[PDB]
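Since every read-out is calculated from the coordinates, none of them should be taken as a lab result. Positions of Cβ are generated from backbone atoms using ideal geometry, with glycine treated the same way; all protein chains shown enter the neighbour counts.
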Amino acid sequence: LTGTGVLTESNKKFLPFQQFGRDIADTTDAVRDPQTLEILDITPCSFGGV
Amino acid sequence: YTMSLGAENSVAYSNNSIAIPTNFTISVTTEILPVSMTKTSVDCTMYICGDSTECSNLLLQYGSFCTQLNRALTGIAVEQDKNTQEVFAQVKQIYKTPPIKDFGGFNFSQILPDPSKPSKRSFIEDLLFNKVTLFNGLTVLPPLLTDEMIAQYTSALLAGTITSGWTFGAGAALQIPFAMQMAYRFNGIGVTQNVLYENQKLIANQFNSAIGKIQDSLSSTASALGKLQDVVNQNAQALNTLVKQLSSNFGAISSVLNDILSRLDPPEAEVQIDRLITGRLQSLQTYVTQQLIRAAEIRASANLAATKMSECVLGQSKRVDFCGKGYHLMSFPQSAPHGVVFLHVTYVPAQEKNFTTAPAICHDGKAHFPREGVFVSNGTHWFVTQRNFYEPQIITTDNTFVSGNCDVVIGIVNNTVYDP
Amino acid sequence: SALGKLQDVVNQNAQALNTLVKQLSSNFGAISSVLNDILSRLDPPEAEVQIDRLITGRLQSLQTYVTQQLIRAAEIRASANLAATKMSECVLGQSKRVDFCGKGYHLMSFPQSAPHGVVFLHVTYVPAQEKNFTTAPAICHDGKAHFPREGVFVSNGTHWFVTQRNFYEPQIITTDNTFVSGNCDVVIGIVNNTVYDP
Amino acid sequence: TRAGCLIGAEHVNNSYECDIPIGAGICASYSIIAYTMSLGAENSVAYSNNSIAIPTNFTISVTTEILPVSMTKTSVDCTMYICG
Ligand SMILES: *[C@@H]1O[C@H](CO)[C@@H](O)[C@H](O)[C@H]1NC(C)=O
Ligand SMILES: *[C@@H]1O[C@H](CO)[C@@H](O)[C@H](O)[C@H]1NC(C)=O
Ligand SMILES: *[C@@H]1O[C@H](CO)[C@@H](O)[C@H](O)[C@H]1NC(C)=O
Ligand SMILES: *[C@@H]1O[C@H](CO)[C@@H](O)[C@H](O)[C@H]1NC(C)=O
Ligand SMILES: *[C@@H]1O[C@H](CO)[C@@H](O)[C@H](O)[C@H]1NC(C)=O
Ligand SMILES: *[C@@H]1O[C@H](CO)[C@@H](O)[C@H](O)[C@H]1NC(C)=O
Ligand SMILES: *[C@@H]1O[C@H](CO)[C@@H](O)[C@H](O)[C@H]1NC(C)=O
Ligand SMILES: *[C@@H]1O[C@H](CO)[C@@H](O)[C@H](O)[C@H]1NC(C)=O
Ligand SMILES: *[C@@H]1O[C@H](CO)[C@@H](O)[C@H](O)[C@H]1NC(C)=O
Ligand SMILES: *[C@@H]1O[C@H](CO)[C@@H](O)[C@H](O)[C@H]1NC(C)=O
Ligand SMILES: *[C@@H]1O[C@H](CO)[C@@H](O)[C@H](O)[C@H]1NC(C)=O
Ligand SMILES: *[C@@H]1O[C@H](CO)[C@@H](O)[C@H](O)[C@H]1NC(C)=O
């Protein structure tokens, strides 16, 4: 699964089998790294009109 | 079942019968009007594809659609700011209530602000704000006027209404005791001011109880703020439909562009990208057109709210059913998340009574007609009373005028007119 | 910039029509944005494909313009209905509605034409040079209460007069400009003074 | 600001009847200064229970209200436009 964003620590508690999380409107918001099994949030880096 | 249109009552019509109320109720009724909606902006190029150069290049060739969509949305946002301005920026000066509150027994403590720092908003306003409960190129711009400043406009309008009457809406704010302002408003609806001055404690109790009752209804009974909630729900649902529509093929291999780029050659890549872009433009244009029509609806509502604030908070309206059932006495504005709540204080006649009338009185061969009332009789004696309240008075020359002989008017009754 | 509304609507229409005409130079994916080159440069089948793409693009363009124009026409029709209402209730008569025919107590109004609109000159009465006075709900004379027929009871400190509400025109309190209602023990704020009988 | 960040404007404590709107009540004017907008002049009416204010003079004020009535009657021939 590919994307662009900034990764942050998370307090979310995935179930053991669950890989990545989605919010309403079916957007990826968290993921486990396959290496050390930690939940990390994905948020789009800043955009906005000038 | 088949619906019932209401209770069937037939009034006791007669050619010499009238019913004149002997009492009244001061009814405070609420109306809720949306004023503005959420200010939203979707940048088209980031929405369609975003962080894909090939897509940006071959969206450049579809024209200036993105620019049109952007300008329409910006016009909508500016329009919401102007809607709030028109509804609330009605007074150029921020009035404040005096520290000592001697309003003739009337209690505005339930609609005036409190120093308990609840964002400087009244307790009814606090209930209203608690009742309404509420990334991909998509942003929400904050309103120009914050909730606190809409609260300050509302507080200024209340202070002016309760300390100056209708005067501050037509020129210099001119102080007047509130009991006298209410007497003026009673004369407006055709009831002589002695009715207020003699029933002042009763009227104040009725008004205070009505404000407390609307408080209780708002705190306990739900489904009162459904208009504002409906506006919010429609906007949020349209916006989620737009974002959800971004996960659709529109006839292509994949909804995401990265997989199309990775897994197709540039000819077929541009064909599939063409179909994703055409689908996503149709979705965006559908969204913007729907939002423009909803903007028109909210603009009509905000213009109506501005009219109501001008004609019912800053004055007293003779337009029946414009500011509540009953004869309008006054109105109070209260802010809401995206709208205004009017508490209309009206005069509803009550405790009606059977009487017998007459078009005129024949005395000394002359026909006498009332100046500002109506001839009534309890069965034996004739009186002149005002139309909206039973206050019988002896028929005299000061309250009756002569307009000819007695053999032209149908139904003239047969009586004496006292000369003082 | 006192006629920004009319200039705004004319700018909006001109801008929409300019962006309509400018879309005619967008190829929408076709080989060229001009039909003659596609015709005189491609064989009839591929020509038909390119022509179809241009047709779809230009129908989207024209339909967007027409939808926008319909919404703008709804806006202008609301403005025209409000203008008709104002010319009825402000020009053909005096209006009791507040802020409808201008700031202040409305006296009259005069229409003026403009290139695509109307300019209402609202003549209103704005009170000024206010003075404080001491009031009373009623006057108790001969044990009976006296309320103004039309006006308000004021005092300059020592004498009581009756004036109209919107202009300081004092008058001696008489039985001509006052009516009696009950005794003088029910009204709160009643004051003692003589009521002249002519 | 709640509306983003301003680069090039000096924040001032003073509150003015503002000119260029920014958002969240911040709105700037002319160095370029940004500030929280003042709703208006604060005045307190001298309310009392035996006090009235009666005007002793008046002004006849003439105001202007502009109302759009019509817009340009434009016709587009669809087939001529789209095909030429
Ligand atoms: C009022 O009520 C009484 C008793 O119900 C009735 O006799 C009388 O006719 C009514 N009034 C008139 C004017 O008919
Ligand atoms: C009118 O109604 C009020 C309460 O609604 C009541 O207290 C009063 O006795 C009634 N009658 C009069 C004459 O006020
Ligand atoms: C108004 O009502 C509140 C509670 O409803 C009470 O605390 C306050 O004293 C009342 N004010 C007056 C003047 O009676
Ligand atoms: C009608 O009014 C007169 C005048 O006060 C009063 O004397 C009388 O008792 C009233 N009732 C009847 C039935 O006449
Ligand atoms: C009312 O009608 C009755 C009969 O219908 C008639 O006797 C009486 O004169 C009428 N009264 C008036 C005032 O017209
Ligand atoms: C009313 O009184 C006058 C006195 O001249 C008389 O002409 C007339 O007949 C009376 N009306 C009736 C209905 O008796
Ligand atoms: C007269 O009224 C004004 C309000 O316009 C107030 O500022 C002033 O204090 C009043 N004068 C007195 C003597 O109270
Ligand atoms: C009030 O007006 C009367 C009218 O003649 C005048 O005699 C009196 O001096 C006035 N009082 C004051 C305090 O100006
Ligand atoms: C006006 O209010 C004051 C309270 O400071 C009170 O002493 C006075 O009796 C009141 N006057 C009237 C006429 O109600
Ligand atoms: C008004 O006059 C009556 C009778 O002379 C008197 O009892 C009352 O006290 C007077 N009012 C005042 C405020 O002095
Ligand atoms: C603004 O007010 C703050 C205190 O809230 C103060 O520290 C600062 O110096 C003030 N700035 C100006 C320009 O007055
Ligand atoms: C009312 O104001 C005008 C100027 O606005 C002035 O000429 C006139 O003298 C004033 N009237 C009075 C009675 O002072």
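Which angle from 0 to 90°, rounded to the nearest 10, does the C-alpha axis of helix C:4-22 make with the longest principal axis of chain C? Around 10 degrees separate the two axes. Taking the radius of gyration and the Kirkwood hydrodynamic radius from Cα positions alone, what is the Rg/Rh ratio for the stretch C:1-154, to two decimal places? Here Rg/Rh amounts to 1.42. Any idea what angle helix C:44-86 forms with the longest principal axis of chain C, computed on alpha-carbon atoms, 0 to 90 degrees, nearest 10? Between the helix axis and the principal axis of chain C, the angle is about 10 degrees.
What the Cα convex hull of the stretch B:262-345 gives, in volume per residue, is 120 Å³. By the gyration tensor of its Cα atoms, with a ≥ b ≥ c the square roots of the eigenvalues, what is the shape of the stretch B:111-162: rounded for a/c under 1.5, prolate for a/b over b/c, or oblate? Judged from the Cα gyration tensor, the stretch B:111-162 comes out prolate (a/c at least 1.5, a/b above b/c). Restricting the calculation to alpha carbons of the stretch C:41-106 gives Rg and Dmax of 24.8, 76 angstrom. Between the alpha-carbon centres of the stretch C:132-198 and the stretch B:171-222 there is a gap of 23 Å. Packing order of peptides B:292-299, B:335-342, D:74-81, C:67-74, highest average first: B:335-342, B:292-299, C:67-74, D:74-81 (average count of other Cβ atoms within 10 Å over each peptide's residues). Electrostatic bookkeeping for B:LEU141 treats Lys and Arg as +1 and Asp and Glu as -1; over the other residues with beta carbon under 13 Å from its beta carbon, the sum is -1. What would the Debye formula give as log10 I(q)/I(0) at q = 0.06, 0.08 Å⁻¹ for the alpha-carbon point model of chain B, no solvent? At q = 0.06, 0.08 Å⁻¹ the computed log10 ratios are -0.43, -0.64.
Ranked by the mean number of other Cβ atoms within 10 Å per residue, highest first, peptides C:6-13, A:17-24 order as C:6-13, A:17-24. Averaged over the residues of C:27-38, the number of partner chain Cβ atoms lying within 10 Å of the residue Cβ comes to 2. Based on the alpha-carbon gyration tensor of the stretch B:291-408 and its eigenvalue square roots a ≥ b ≥ c, which shape applies: rounded if a/c is under 1.5, prolate if not and a/b is larger than b/c, or oblate? Note, shape of the stretch B:291-408 comes out prolate.
Per-residue shielding of B:163-173, expressed as the average number of other chain Cβ atoms within 10 Å of the residue Cβ, stands at 6. Computed over neighbours whose Cβ is under 10 Å from that of B:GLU31, the net charge equals +2, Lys and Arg +1, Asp and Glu -1. Modelled spin labels at C:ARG149 and C:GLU169, positioned 7 Å past Cα toward Cβ, are 1.4 nm from each other.
With Cα atoms as the point set, the radius of gyration and Dmax of the stretch B:224-281 evaluate to 16.8, 58 Å. Per-residue shielding of B:18-25, expressed as the average number of other chain Cβ atoms within 10 Å of the residue Cβ, stands at 0.
Legend: calculated FRET efficiency, C:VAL34 to B:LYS92, from the Cβ-Cβ distance at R0 = 41 Å, rounded to 0.05, equals 0.10. All C-alpha to C-alpha distances of the stretch D:34-84, sorted into 10 Å bins beginning at zero, yield P(r) values of 12, 14, 20, 18, 11, 12, 8, 5, 0 percent in whole numbers. Here each label is just a point 7 Å from Cα along the line to Cβ, and for B:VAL11 and A:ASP29 those points are 6.0 nm apart.
Centre-to-centre separation between the Cα atoms of the stretch B:275-353 and those of the stretch C:1-69: 39 Å. Between the stretch D:22-36 and the stretch B:371-420, the alpha-carbon centres lie 68 Å apart. Give me the percent of Cα-Cα pairs in the protein assembly as shown that sit more than 40 Å apart, rounded to a whole number. For the protein assembly as shown, the fraction of Cα-Cα distances above 40 Å is 51 percent. How much of the DSSP beta bridge set in chain B is antiparallel, as a percent to the nearest 5? Looking only at bridges with both residues in chain B, the antiparallel portion is about 95 percent. Here is the size of the stretch C:121-198 from its Cα atoms: Rg then Dmax, 14.1, 52 Å. With the highest mean first, a sort of the peptides D:60-67, C:41-48, B:206-213, B:218-225 on other beta-carbon atoms found within 10 angstrom per residue produces B:206-213, D:60-67, B:218-225, C:41-48.
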